[PDB]
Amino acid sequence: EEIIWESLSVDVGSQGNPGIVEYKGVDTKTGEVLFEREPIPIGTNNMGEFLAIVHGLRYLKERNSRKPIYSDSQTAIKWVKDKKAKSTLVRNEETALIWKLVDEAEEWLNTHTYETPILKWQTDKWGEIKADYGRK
């Protein structure tokens, strides 16, 4: 502890897993929604959590912001660190769109630099991350 309030918080929302995936980023202090991705018809929770972090990195870099990013996803934080999303989701026609976005997110990571700290939101201590969809 404690919370770094000067930060961006991201989270995925889904209908089914695998299922319809969306994500959003919010100002941790105020909850102001800063970006929201259009729903993707089929994806996994972890793909969406991964895309949300990468989008946050791109959003902050474009704005010359040094704020950290909070995510509640152990998996996606590691995938971003590794620059490699190790998803089990079948690559087929139904999943082509999500897999294109994930491939493109990995590609951006491998062609850009950033100093943004990517931090674990401590749900057990602090409650739900501020970007949560409130579906559970």
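A residue's number is simply how far along the shown sequence it sits, counting from 1.
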Between 74-82 and 27-35, name whichever shows the higher mean Cα B factor according to the PDB entry. 27-35
So which stretch wins on mean C-alpha B-factor, 93-101 or 55-63? 93-101
Ranked against its chain, the third holding the CA B-factor of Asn45: lowest
Chain thirds of CA B-factor: placement of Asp11: lowest
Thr113 - which third its CA temperature factor falls in, relative to the rest of the chain: highest
